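Visitor: Just dropping this structure here.
2 protein chains.
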Amino acid sequence: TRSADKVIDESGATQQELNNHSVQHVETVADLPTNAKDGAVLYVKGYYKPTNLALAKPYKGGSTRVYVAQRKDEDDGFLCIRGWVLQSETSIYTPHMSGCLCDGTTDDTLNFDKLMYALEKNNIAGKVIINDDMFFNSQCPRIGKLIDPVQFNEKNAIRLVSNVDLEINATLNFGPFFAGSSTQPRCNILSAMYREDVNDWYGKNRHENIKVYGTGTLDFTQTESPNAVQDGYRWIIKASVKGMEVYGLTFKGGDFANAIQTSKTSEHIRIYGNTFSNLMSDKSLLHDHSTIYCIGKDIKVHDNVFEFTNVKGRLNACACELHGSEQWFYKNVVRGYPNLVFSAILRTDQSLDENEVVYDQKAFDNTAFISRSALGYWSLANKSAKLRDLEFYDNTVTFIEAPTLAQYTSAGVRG
Amino acid sequence: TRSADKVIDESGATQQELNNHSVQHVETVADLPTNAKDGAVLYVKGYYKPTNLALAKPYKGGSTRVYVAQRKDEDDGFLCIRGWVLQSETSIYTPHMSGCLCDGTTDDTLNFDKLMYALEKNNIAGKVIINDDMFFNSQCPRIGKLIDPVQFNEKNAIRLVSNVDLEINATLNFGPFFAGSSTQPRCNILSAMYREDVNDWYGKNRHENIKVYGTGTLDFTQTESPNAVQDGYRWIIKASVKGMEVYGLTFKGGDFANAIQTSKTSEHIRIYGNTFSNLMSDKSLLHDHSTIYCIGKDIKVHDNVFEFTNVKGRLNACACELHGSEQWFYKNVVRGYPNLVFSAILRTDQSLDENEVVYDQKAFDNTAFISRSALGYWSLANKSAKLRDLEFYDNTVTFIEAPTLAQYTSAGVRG
Ligand SMILES: [Cl-]
């Protein structure tokens with residue numbers, strides 16, 4: 153029974169010196185050993201044990217990790233597990249790598265926030281790719297930029313992060329947790345809204361370079377509730393941002409006042425190639441929906457499909473509200489909405505200052521099959537905000553009949 | 153003290169046979185050993201030692217490498233370090249992997265060119281992702297397609313490469329090296345301009361499939377100088393290219409005659425989703441700026457933000473010059489420029505041949521807040537080039553007052 157120190161290699165090195173320099177493996181993060189040499193390397197085959205060794209990708213959320221003895225007590229379940237530090241040169245991550253199951257039915261809210269909060273907390277630029285279906289059904293931890301010092305009590309599933317691409321190529325299912333109620337009426341499902349103190353209602357510390365995109369689907373069917381009441385604070389994405397892009401995605405079901413709303417000081421938003429389908433249910437008590445609610449400057453909303461096939465959205469809904477300057481709505485299709493576009497000049501603290509003059513609102517090359525209004529102009533009465541110019545050109549509009557009182561009653565419309 | 157050859161495995165193989173087949177690790181490229189078995193594999197944890205083991209990504213520019221004994225003297229500091237050959241199946245690279253620090257203050261010009269020149273020299277198609285801030289402050293080596301046989305003496309920071317995506321998701325800072333002077337007035341910061349001999353002024357050997365994109369920023373503030381003089385040869389990107397795309401990026405500060413100029417025989421350029429901000433300083437001796445200078449055919453300039461908030465660019469600047477055929481300028485916003493678009497029909501060796509007829513110049517759906525000209529038509533006097541057609545349609549133009557003589561003097565405008 154001789155020492156590894158006593159065995160010698162055709163290089164002249166101890167088996168012991170070689171063993172200290174060997175890339176080794178363990179099955180799962182649970183198997184990360186607690187007394188390894190500082191600087192040890194492990195390939196971890198999967199986050200958890202394989203659920204089924206017969207299927208094509210048995211091992212999920214595998215990682216290469218280096219042990220950093222001085223961080224051995226840090227366990228974020230992602231970048232550093234009991235000092236084993238995740239190696240990812242290109243900063244491209246998946247939810248499996250933070251212990252998400254991605255089985256479409258396990259609530260992955262907590263384990264997904266271990267990924268997103270890690271990238272937030274460490275100012276990491278990168279990409280999160282979602283290739284497998286997920287379920288969200290609980291509150292995303294209110295830490296870091298998801299603290300709620302104003303106490304709006306918006307339900308959140310996902311922490312958006314500055315300089316992170318969220319690439320959604322599978323179905324995200326949102327569950328009944330996120331249904332509205334009289335007691336907690338508000339929601340912001342994928343939050344890009346940082347409020348630093350009790351006074352910071354509109355997110356003065358803007359996020360930067362938010363990208364939400366991909367070929368997947370965000371399904372809010374399971375959030376639909378007769379209990380949900382009208383509140384302006386019901387969003388798929390509420391952002392305070394400089395530089396945001398939301399593209400490619402299908403959004404369907406739920407009870408939202410808006411799919412996407414920006415904030416007072418927001419700039420450079422691009423919303424394109426998406427499908428917005430039935431974002432306000434028949435049977436809730438909501439009674440108003442505007443799919444996109446454009447606050448701030450340089451916002452372009454284009455090449456999107458807006459559709460209501462239910463009754464209630466065919467009786468009161470608008471595809472886009474233009475609340476500020478340099479806001480264009482172009483090359484969209486709008487199916488069944490009463491209202492195509494609103495120019496809304498509201499002299500109110502969430503948007504326009506006293507004496508503010510709004511310029512460069514454009515709406516062009518849209519198709520609309522609508523029953524009520526192609527262009528709506530709103531303001532408060534007797535206030536100091538003014539519109540310089542709005543151009544509404546080259547739109548192809550067909551006015552169609554709204555659903556009947558019989559269809560309203562057959563569909564159980566409430567609200 | 154027994155031979156590894158004498159120790160035997162539950163497989164019946166020598167510890168020596170196993171040791172020859174073990175993936176091993178070293179800390180840094182400096183640690184790459186000089187007498188390993190041909191075919192040995194090392195995981196190199198980082199390019200350099202970690203700067204700080206407490207932070208989230210302690211190890212940067214880690215690599216897997218195979219020793220190729222026959223290349224043991226080749227050291228490009230990237231694909232082959234003393235015969236250790238970099239393994240990267242998808243050809244996705246980062247500047248850390250060539251020994252860039254990416255700390256935003258160390259001059260990474262040389263180490264970044266070790267990456268770009270390697271991909272050039274070996275005709276490698278792939279992607280370079282930049283997720284961390286960099287600084288450039290010296291001349292990019294004049295080798296390969298950056299040789300200067302015409303002796304224009306353009307200062308260059310970055311070698312663009314055919315069939316390489318440059319993905320910039322952080323801030324690139326350009327330093328005072330790149331400031332103009334009377335002695336070396338010319339620059340081409342990210343060069344896609346190959347000139348093969350002393351006679352090849354306009355890049356006859358076009359690059360192919362240049363992509364420059366991302367969510368980041370190119371900051372030329374530190375290049376701004378009272379010493380910089382007007383020269384046409386002052387560019388962020390001067391390309392001779394077939395197939396180029398520049399998208400998503402913010403460009404700000406500096407003293408450029410153009411942000412982007414193409415060449416006589418260039419084709420299929422797409423310039424979109426960018427922000428061009430203050431690309432000519434108040435205090436330099438430059439007196440003319442056109443953001444985009446379109447030479448060749450099939451060039452589309454769209455969905456960009458052009459802005460001068462300084463004085464000098466609010467007194468002489470144009471967003472786009474159309475110098476050739478199939479050139480469209482559309483869906484842009486232009487803030488503060490005197491001039492929106494120029495149709496420039498110059499019968500000159502850098503562009504139009506004798507008797508050349510320019511066709512299909514279009515400018516549509518733009519917003520402009522400008523003080524001098526919506527559409528400018530230029531030519532040389534008494535020459536043989538002609539314009540067939542220019543269409544300028546569906547633009548929304550507001551003529552605003554230029555800055556005052558007081559604002560000019562308060563801003564120290566020179567030039
Ligand atoms: Cl049109």
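Going line by line, the protein sequences match chains A and A'. A prime marks a further copy of an entry chain. All residue numbers for the first sequence refer to the deposited numbering, where the first residue is 153 and numbers rise by one. All residue numbers for the second sequence refer to the deposited numbering, where the first residue is 153 and numbers rise by one. For every residue, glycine included, the Cβ atom is placed at its ideal position computed from N, Cα and C.
Could you confirm whether any beta carbon from chain A' is found closer than 9 Å to the beta carbon of A/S243?
Guide: In the first sequence, residue 243 of chain A corresponds to position 91, counting from 1. Interface residue, yes.
Visitor: Are the region 153-163 of chain A and the region 189-199 of chain A touching, with three or more C-beta to C-beta distances below 8 Å?
Guide: No, because fewer than three Cβ pairs between the region 153-163 of chain A and the region 189-199 of chain A fall closer than 8 Å, the two stretches do not touch.
Visitor: When you measure from the CB of A'/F544 to every non-hydrogen atom of ligand 1, does any distance come out below 8 Å?
Guide: One-based indexing of the second sequence puts residue 544 of chain A' at position 392. Outside the cutoff, so no.
Visitor: Is the region 350-363 of chain A touching the region 396-408 of chain A, taking contact as three or more C-beta pairs under 8 Å?
Guide: These segments touch.
Visitor: Quick check on this structure: which residue in A'/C472, A'/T203, A'/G278 has the alpha carbon closest to the alpha carbon of A'/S240?
Guide: As a first step, residue 240 of chain A' is located in the second sequence; it is residue number 88 there, counting from the start. Of the candidates A'/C472, A'/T203, A'/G278, the one whose C-alpha sits nearest the C-alpha of A'/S240 is A'/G278.
Visitor: Residues in its own chain within less than 6 Å of A/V509 by CB, not counting five upstream and five downstream?
Guide: Within the first sequence, numbered from 1, the residue matching residue 509 of chain A stands at position 357. Cβ neighbours of A/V509 beyond the five flanking positions: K538, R540.
Visitor: Which partner residues does A/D371 have in the DSSP bridge list?
Guide: Locating residue 371 of chain A in the first sequence gives position 219, where the first residue counts as 1. Its beta-bridge partners are A/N325, A/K404.
Visitor: What is the rounded straight-line gap between the Cα of A'/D383 and the Cα of A'/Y219?
Guide: For this step, residue 383 of chain A' is matched to residue 231 along the second sequence. For this step, residue 219 of chain A' is matched to residue 67 along the second sequence. Straight-line Cα distance between these residues: approximately 49 Å.
Visitor: When the Cα atoms are used, what is the spatial distance from A/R338 to A/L401?
Guide: Here the question's residue 338 of chain A lines up with position 186 in the first sequence. Here the question's residue 401 of chain A lines up with position 249 in the first sequence. Roughly 23 Å separates the two Cα atoms.
Visitor: Leaving out five residues before and five after A/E319 in sequence, what residues of the same chain have Cβ atoms less than 7 Å from its Cβ?
Guide: Taking the first sequence and counting its residues from 1, one reaches residue 319 of chain A at position 167. The answer, listed in chain order, is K279, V280, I281, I282, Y365, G366.
Visitor: Is it right to say A'/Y445 is buried, meaning 16 or more other beta carbons lie within 10 angstroms of its own, or is it exposed?
Guide: Here residue 445 of chain A' refers to the residue found at position 293 when the second sequence is read from its first residue. Buried, because 16 or more other Cβ atoms sit within 10 Å of the Cβ of A'/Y445.
Visitor: Tell me whether A'/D517, by its Cβ, gets closer than 8 Å to a heavy atom of ligand 1.
Guide: Locating residue 517 of chain A' in the second sequence gives position 365, where the first residue counts as 1. For ligand 1, at least one heavy atom lies less than 8 Å from the Cβ of A'/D517.
Visitor: Are the Cβ atoms of A/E226 and A/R217 separated by less than 9 Å?
Guide: As a position in the first sequence, residue 226 of chain A is number 74, starting the count at 1. As a position in the first sequence, residue 217 of chain A is number 65, starting the count at 1. Their beta carbons are not under 9 Å apart, which means A/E226 does not touch A/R217 by this criterion.
Visitor: Just the chain A' side, please: which residues come within less than 8 Å of A/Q222 by C-beta, in chain order?
Guide: Counting from one through the first sequence, the residue named residue 222 of chain A turns up at place 70. Simply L205, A206.
Visitor: Got a sec: does ligand 2 put a non-hydrogen atom nearer than 8 Å to the Cβ of A/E306?
Guide: In the structure shown, ligand 2 is absent; the only ligands present are ligand 1.
Visitor: Would you say A/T519 and A/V485 are within 9 Å of each other, going by their C-beta atoms?
Guide: Here the question's residue 519 of chain A lines up with position 367 in the first sequence. Here the question's residue 485 of chain A lines up with position 333 in the first sequence. Yes, the pair counts as a contact, with Cβ atoms nearer than the cut-off.
Visitor: Looking only at its chain, what residues have a beta carbon closer than 6 Å to the beta carbon of A/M345, apart from the 5 residues adjacent to it on each side?
Guide: As a working note, residue 345 of chain A is residue 193 in the first sequence. Here the set comprises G355, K390, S392.
Visitor: Using C-beta distances below 8 Å, list every residue in its chain close to A'/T417, excluding the 5 sequence neighbours before and after it, in chain order.
Guide: The sequence position of residue 417 of chain A' within the second sequence is 265, counting from 1. Here the set comprises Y354, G355, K356, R358, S392, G448.
Visitor: Can you grab the Cα-Cα spacing for the pair A'/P293 / A/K483, in whole Å?
Guide: Here residue 293 of chain A' corresponds to residue number 141 of the second sequence, with the count starting at 1. Here residue 483 of chain A corresponds to residue number 331 of the first sequence, with the count starting at 1. For A'/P293 and A/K483, the distance between alpha carbons rounds to 46 Å.
Visitor: Would you please state the rounded distance, in angstroms, between the beta carbons of A/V463 and A/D440? I believe it to be under 8 Å.
Guide: As a first step, residue 463 of chain A must be located in the first sequence, where it is residue number 311. As a first step, residue 440 of chain A must be located in the first sequence, where it is residue number 288. That pair is no contact at about 15 Å.
Visitor: For A/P247, count neighbouring Cβ atoms within 10 angstroms of its own Cβ and tell me buried if that reaches 16, exposed if not.
Guide: Counted from its first residue, the first sequence places residue 247 of chain A at position 95. A/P247 is buried by the Cβ-count criterion.
Visitor: Would you say A/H420 reaches chain A', if we count a Cβ-Cβ gap shorter than 9 Å as a contact?
Guide: Within the first sequence, residue 420 of chain A is the residue found at index 268, counting from 1. It does: the Cβ of A/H420 has a partner Cβ on chain A' nearer than 9 Å.
Visitor: Closest by CA to A'/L492, which one among A'/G214, A'/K404, A'/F521?
Guide: On the second sequence, position 340 is the one that residue 492 of chain A' refers to. Of the listed residues, the one whose Cα sits closest to A'/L492 is A'/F521.
Visitor: Using 8 Å for Cβ pairs, my map puts A'/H454 next to A'/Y424. What's the rounded Cβ distance?
Guide: Numbered from its first residue, the second sequence carries residue 454 of chain A' at position 302. Numbered from its first residue, the second sequence carries residue 424 of chain A' at position 272. About 5 Å separates the two Cβ atoms, so the contact holds.
Visitor: Looking at A'/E478: is its Cβ nearer than 9 Å to the Cβ of A'/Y529?
Guide: Reading the second sequence from its first residue, position 326 is the one you call residue 478 of chain A'. Reading the second sequence from its first residue, position 377 is the one you call residue 529 of chain A'. Against a cut-off of 9 Å, the Cβ pair of A'/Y529 and A'/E478 comes out as no contact.
Visitor: Residues of chain A' with a CB under 7 Å from the CB of A/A277: which are they?
Guide: The residue labelled residue 277 of chain A in the question sits at position 125 within the first sequence. Going along chain A' in sequence order, the residues near A/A277 (Cβ under 7 Å) are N283, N321, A322.
Visitor: If I measure Cβ to Cβ from A/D371 and keep anything under 8 Å in the same chain, skipping five residues before and after, which residues do I get?
Guide: Working through the first sequence from its first residue, we reach residue 371 of chain A at position 219. Cβ neighbours of A/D371 beyond the five flanking positions: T323, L324, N325, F326, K404, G405.
Visitor: Are the CB atoms of A'/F516 and A'/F481 nearer to each other than 9 Å?
Guide: The residue given as residue 516 of chain A' occupies position 364 in the second sequence. The residue given as residue 481 of chain A' occupies position 329 in the second sequence. Contact flag set, yes.
Visitor: Provide the residue span of the beta strand (DSSP E) that contains A/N172, from first to last.
Guide: Within the first sequence, the letter at position 20 stands for residue 172 of chain A. It is not in any beta strand (DSSP E) - A/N172 instead sits in the alpha helix (DSSP H) that spans 167-172.
Visitor: Provide the residue span of the alpha helix (DSSP H) that contains A/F304, from first to last.
Guide: Here residue 304 of chain A refers to the residue found at position 152 when the first sequence is read from its first residue. That residue, A/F304, is in no alpha helix (DSSP H); it is neither H nor E in DSSP.
Visitor: Less than 9 Å between the beta carbons of A'/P378 and A'/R566, yes or no?
Guide: What you label residue 378 of chain A' is simply residue 226 of the second sequence in a count that begins at 1. What you label residue 566 of chain A' is simply residue 414 of the second sequence in a count that begins at 1. In this structure, A'/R566 lies closer than 9 Å to A'/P378 by Cβ.
Visitor: So, is the C-beta of A/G400 closer than 9 Å to a C-beta in chain A'?
Guide: Working through the first sequence from its first residue, we reach residue 400 of chain A at position 248. Not closer than 9 Å to any Cβ of chain A', the Cβ of A/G400 fails to qualify, so no.
Visitor: Along the beta strand (DSSP E) that carries A/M286, what are the first and last residues, could you check?
Guide: Along the first sequence, one-based indexing puts residue 286 of chain A at 134. Run containing A/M286: 286-288, per the beta strand (DSSP E) assignment.
Visitor: Measure the alpha-carbon distance for A/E179 versus A/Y199 and round it to whole angstroms.
Guide: Locating residue 179 of chain A in the first sequence gives position 27, where the first residue counts as 1. Locating residue 199 of chain A in the first sequence gives position 47, where the first residue counts as 1. Taking the straight line joining both Cα atoms gives about 8 Å.
Visitor: Just to make sure I have the definition right: I need the residues of chain A whose C-beta is within less than 8 Å of the C-beta of A'/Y211. Which are they?
Guide: Translated into the one-based positions of the second sequence, residue 211 of chain A' becomes position 59. Under the 8 Å cutoff, chain A gives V218, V237, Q239.
Visitor: How far does the beta strand (DSSP E) with A'/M396 in it extend, from its first residue to its last?
Guide: Counting from one through the second sequence, the residue named residue 396 of chain A' turns up at place 244. Unbroken beta strand (DSSP E) run through A'/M396: 393-399.
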